[PDB]
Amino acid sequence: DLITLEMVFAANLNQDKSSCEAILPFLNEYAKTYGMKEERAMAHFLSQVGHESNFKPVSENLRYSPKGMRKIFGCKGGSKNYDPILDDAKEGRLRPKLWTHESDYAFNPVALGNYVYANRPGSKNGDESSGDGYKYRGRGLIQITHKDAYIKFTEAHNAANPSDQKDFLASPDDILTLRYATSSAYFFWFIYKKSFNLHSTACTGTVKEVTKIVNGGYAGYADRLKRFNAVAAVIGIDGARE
């Protein structure tokens, strides 16, 4: 194989061996069909996937308390503008129904997701009554979210795996299976972020630079680097100081 159990276990910080064993065949199947051949890129991929997911598929949790949903989804400019003391937005309520229609959205993942992800720019989600917001919530290993990602994953997975045609608009929960969570990770890597040259950057770049593309930021940077070096060691590749 291109990916051994020891690489996956190392990317998983030597935890949950059986989760690593369960996902190993899909990891190898889709590295072949999507074209993961380069070893330094693979070490970045395993370390980024391991940090995001620990190789277990995850679905976004949209069950929030009243204050919790206001903090994360209610304020213009995001949570940085939540005033905990006032339970209010510092620079304007972006989603005012989280205040006036509190009981409709708190602890109601379907209603909340349909409201807070409605009409998101670039996302192809329709309005609150379309059901797009909850339906295309985050799923996978590196989570993909919103209608646009599920369109693009459908086309990308079918292009790379023509003998296993799927429709993740019709069946979005399949991304919670190990098989299509793994396919979606490779789609993220090679297709979804192609315009940022994620794969190229992993080939000759830095953990920090890979992290910037994957995360849109530097969240969990130190842990992603720790995982990469552990993978580099098992492979025989130079580690990374950055």
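Residue positions are given as counts along the sequence shown, with the first one as 1.
*Asks:* Would 230-238 or 17-25 have the larger average of its C-alpha temperature factors, as given in the entry?
*Replies:* 230-238 has the higher mean C-alpha B-factor.
*Asks:* Would you mind comparing 52-60 and 39-47 for me and telling me which has the higher average C-alpha temperature factor in the entry?
*Replies:* Mean B over CA atoms: larger for 39-47.
*Asks:* Between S200, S65, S183, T177, where does the Cα B-factor run highest in the record?
*Replies:* That would be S200.
*Asks:* Classify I191 as lowest, middle or highest third according to the C-alpha B-factor given in the PDB entry, relative to its own chain.
*Replies:* Its C-alpha B-factor belongs to the middle third of this chain's values.
*Asks:* Pull the Cα B-factor of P162 out of the PDB entry and bin it into the chain's lowest, middle or highest third.
*Replies:* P162: CA B-factor falls in the highest third of its chain.
*Asks:* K208: which third of its chain by C-alpha temperature factor?
*Replies:* It belongs to the highest third of the chain when residues are ordered by C-alpha B-factor.
*Asks:* For the chain shown, is the CA B-factor of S130 in the lowest, middle or highest third of its modelled residues?
*Replies:* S130: CA B-factor falls in the lowest third of its chain.
*Asks:* Ranking the modelled residues of this chain by C-alpha B-factor as given in the entry, is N81 in the lowest, middle or highest third?
*Replies:* Lowest third, going by the recorded CA B-factors of the chain.
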